[PDB]
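Note: ideal-geometry Cβ built from the backbone for every residue, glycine included; neighbour counts use all protein chains shown. Read-outs: derived from the displayed coordinates by stated rules, not from any lab.
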């Protein structure tokens, strides 16, 4: 648990890798930095070739986060609204979120 | 077997990686340090997408431990009670425990 | 996002690895460099041994690209026309295109 | 074959990684060094979750032994009797034994 | 494409790894060097144990090659005739050929 | 092909790794060195647990070998007769033999 | 008409005090410990009458995921998976296979095609129960 | 005659306001959120009459991929996969299984062989629906 | 009624002197060397009478895991898996397939659907035995 | 007699203007874009008469691989896999299932056992079509 | 009664001069080159009479593993797997399917369900032979 | 009696000028380009008469592996796998299914159960042919 503040600040470092996001949910004031990663995901179709869909996730410092790490919360990245669809612990107190686009 | 005491003390080192836990079972007095690790585990459902469940385990120095490495014992980590559901040897005399949440 | 211009310029570097291509679609003036990679792909046949087909792709700096990263666009590599069949994000803002030969 | 004596001696060095064992069967009259390794073993059940069983394999210098590497022999490790259930060559003249607990 | 001539000359280097071959097809005069590699291939039989067959291939510098990289051409390695059964691009302009023995 | 003599002599080096063997077939006079490797092979049984069988092979320098690299030849390793059951090229001119025990 | 039958099911299975979510891929929650989901599944088919009609063979699958006191409503040992799953299932069976006609009518036969209890190892133990009900519905 | 039946299908399924692409391997788009594809599939066969004729057993598979408001045309909760898929499917079923004779004639029987709803986790949620229709067509 | 049948089984199989645990995922112990577990499994079904009734086809699976002297109660060579498994199984078969009516009644037929002996290599040797019993139970 | 039937097929399918290669493992070319291959496959069998005779159940599989204008001979949209495959297949079906007696005689029944269109993603798009024809041939 | 039938088998197959071990997981020896193992396997079942009885369908599997001169007892070429396996098997078949009544009685039918020869590549060549014998035994 | 039937086969298939090896695991040669192997396989069984008899359902599998001029004995294009395999197979079929009584008698029916040609890519091309012949043999 030594990492705490330092660790969270370091990666988040804006304009290095941390893209600032704000939780449009009022539970969070004061913009937070987090790592945004999206890639291509190929989803198959039983008969079809499939469709190339895209999935974006936020990796954040959970311990740093105040408020509630909670599903169904509302957040926005770069001005696009995302409902926090899912959260899962990696056990470092650094959780990964999955954000619905809508 | 050279490692014994030294090895157990080193990792356990509190506030480095060892989170102190106490066995609420009276067989153990005097708080013990152990490594707590939990992560996300995806458990599937035959028809369903699945559910994201979480599993936490304690890695401890078995040799160091006095008393009994025994299933059904009672222990608490960070004030939350855990029954020691399972124990399995890694053969280093460093066993891993699995702790039920209840 | 630090890489932006520098990163795109470096790899594209003509005659190093970047083969200049031009988007015959009028949306793009001013020739662009991109990495052309093609290899052998073995496509099977249910009863047959299969056929050795070839697939060529362009790896480009998406952020650098102005205009539209869009499917159905027209582009030519080394004087051979390619319709941009597919595009998929690797999440670096460096997308990979797949170009139909026709 | 160059290693021979040297190789056998060094690993088994007592209190480093060689736990001395005595063969219960009388053919060997001298305490013999070897490497004891046991770990969690997964033995499933067709319908059941399974059972966590254990196994202990001895690794010894086969060329070092002056007497029959033979199944059905009797040996004891740390005062617990083990029948030598199985032996298999790794081809280094360093064979691994599997010892039944009984 | 920087490698071109240099790259092809270097590997081909006779008596290092490049075994000179000549295309008995008249389209090619002036002996060419290429890397000859053959190994054992186990081909199975549905009921049978299988048969150990051997497959030999030539790795050559395609760009260096003049004439035509074409199937059905005739070539000989070390005085044994080979029809060029198949050719497939690795995309480096270094293609690999498969040569029928006959 | 640069390795030829040197390469074969080096590994074979007696009492390093090369165990001298002689081809009891009269086609070969003058003892030859080769690398003998045997390990445990588990062969299964459809209903049974299986049987631990052992397979020994000789790795030799084929190019160095005069006479004939031929199946059905007779050879002996350490005074035990082996029919050369199988030979397969690794393509280095260093072939591996499989020797029947009988 | 899947929607209507699913709607009947939606009304019929909403009664246990917990939300029912069907076909939500992204969702895989542990917060909703007691879990219910109803699926209309597939419909195979054959002709009816001369001059027009169709009927279908259809399967409805009901799945329940649960932990802790949800099992322990009344009787002891519902932690045992079998007792717990059965305890929830039989009542569920009666819910869907209830006497009301509307529920029965679009469904025609409501026979239990299959039953199961399954075990997944979470801190809190989670167990899956399946209750296939076969309904033959006239194609509209 | 697959082309003709496929052509009838092509006319019959082009009505939803979105393009239908069949058998395009390279294509796997997400831009065309509402998605339709019709496949004539396979034809097994048996003799007709004495002196000549053949008939086939054939399967037509219709697949729909969708996200968001495409589900939400009118009624609430079409985000629920089952309701949404059913909502599009039943009308599709009527489209193909329509009264017009030409569509019916080359098809003979038009029974729904199977139905399904499937879930793939994309940002926008994508769901796959299959509507197998069995048509027996006389071999020309 | 699985719980009741399982309860009958619970009473009927608790007699061997060792605990029976059913569906405990987390648990996989070696300390409880003699091991027993009973599963009600699945129920398929068909209609009864005109005006109402249902019956089910059901399978009950009994599994035994054992080591050492548990095999060696009396006769020699029960270490041999077959003899040992049979020795425990036949009595178990009689336990469940016993004469008492209550046990028999909810069960109707109690035929042995299947039998098996299995081998897993632990220091102490562990062997698995399965005794499927098919019971047809009227759905309540 | 596979060779003879294959020979009839060889004559019957050589007409499309492109070479037909059967069972060439090493060969997997893309240069021969329009592709045809005919396989006699397997023969199962039963007795004929008393005193001697044998007959076989046999399957003939025809496969076509194609790209670009080969699909586009006349009608529009043969790029669509289904139309294109059907377009080549029906004529092929007539070729093999032709009126000439010799072709028909050794073949007896020539029914289409199966049909398929398949998609593989090459720069030029390649599509596979299968036309199983079942021929029962008297064993010589 | 598996133990008794296995015991009969144990007596009946102990005659070849080598030990028979059944279900020993840990054991996988090559020292016992000639190898024999007999398994009672599974028993499916049906009712007998009115008022009580049960009968079972049961399979007995016999497996033989061998190398070298064990094959070469008398005739030449028993190294050939087929001849060697057959040579041991037929006599084994007669052993189990022998005339003595006790062996036959608990077994009722003793038909050979299946036969096989298998090849595993050891220095000494090892070959596996299976001789399934189907015995229907009245459940005690 | 597998050995005898195999012996008949051994005599019957030794005629092609190349050695036949059956069940040699270690052996997998390419030097013996033309390759033949005969397997007696499995025997299922049923009772004969009242008072004693048994009969078996048995399969004999013949496999041929070949390259180059072995295919090209006379007619052109035997490189084509189908023609080549058929060319060797039909004569082989006649060899085993020959008129001589001894060969026919222990075999009873000699029908071709199956046929196949297979392709493996070696420098010299190797092709596998299977000729299952079903023989019902009275158990001695």
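The relative contact order of chain C comes to 23 percent, based on Cα pairs under 8 Å that sit 6 or more residues apart. Only DSSP H runs of four or more residues enter the estimate; each adds -39500 (n - 2.57), and after division by the residues of chain L the mean residue ellipticity at 222 nm equals -7500 deg cm²/dmol.
Modelled spin labels at residue C:68 and residue J:104, positioned 7 Å past Cα toward Cβ, are 5.8 nm from each other. Between copies, residue G:31 shows label-point distances of 3.7, 3.7, 6.4, 6.4, 7.4 nm, shortest first, with the point placed 7 angstrom from Cα along Cα to C-beta. Applying 0.36 nm per residue to the separation of residue J:75 and residue J:15 and subtracting their alpha-carbon distance, the gain on full extension is 19.5 nm. Distances from residue J:14 to the same residue in each other copy, label points 7 Å out along Cα→Cβ, in nm, shortest first? Label-point separations across copies, in nm and ascending: 4.2, 4.2, 7.3, 7.3, 8.5.
Of all chain J residues, the one whose Cβ lies closest to the rotation axis that maps J onto G, given with that distance rounded to whole Å, is J:44, 17. Compute the normalised compactness of region F:1-86: alpha-carbon radius of gyration over 2.2 N^0.38 Å, N being the residue count. Its radius of gyration relative to the 2.2 N^0.38 Å reference: 1.29.
So what is the relative contact order of region F:23-81, in percent, for Cα pairs below 8 Å that sit 6 or more residues apart? Worked out over region F:23-81, it gives 37 percent. For region H:7-50, what does the alpha-carbon gyration tensor say about shape, rounded, prolate or oblate, given a ≥ b ≥ c as the root eigenvalues, a/c under 1.5 as rounded, and a/b over b/c as prolate? Taking the square roots of the gyration eigenvalues as a ≥ b ≥ c, region H:7-50 is oblate. Springs join every pair of Cα atoms under 10 Å in this Gaussian network model of chain I, and among I:14, I:36, I:64 the largest mean-square fluctuation is at I:14. The alpha carbon centroids of region C:8-81 and region F:1-69 are separated by 51 Å.
Note on region G:50-101 and region J:63-82: Cα centroid distance 52 Å, given to the nearest whole angstrom.
Of all beta bridges that DSSP places with both ends in the protein assembly as shown, some 95 percent have antiparallel geometry.
Between residue G:50 and residue D:46, with labels modelled 7 Å along Cα→Cβ, what's the label distance in nm to one decimal, could you check? Roughly 5.3 nm, to one decimal. Top mean-square fluctuation among H:116, H:46, H:59, Gaussian network model of chain H, C-alpha springs under 10 Å? In the Gaussian network model the winner is H:46.
In chain F, helices alone account for a calculated mean residue ellipticity at 222 nm of -2500 deg cm²/dmol, with every DSSP H run of four or more residues adding -39,500 (n - 2.57).
For the protein assembly as shown, what does the alpha-carbon gyration tensor say about shape, rounded, prolate or oblate, given a ≥ b ≥ c as the root eigenvalues, a/c under 1.5 as rounded, and a/b over b/c as prolate? Here the protein assembly as shown falls in the rounded category. Each Cα pair under 8 Å and six or more residues apart adds its sequence gap; the mean of these over the residue count of chain L is a relative contact order of 26 percent. Between helix G:2-13 and chain G there is an angle of about 40 degrees, using the helix long axis and the longest principal axis of the Cα atoms.
Largest GNM mean-square fluctuation among C:47, C:58, C:28, using chain C with Cα springs under 10 Å: C:47.
A point 7 Å from Cα along Cα→Cβ stands in for residue K:106, and the other copies hold the same point at 3.5, 3.5, 6.1, 6.1, 7.1 nm, listed in rising order.
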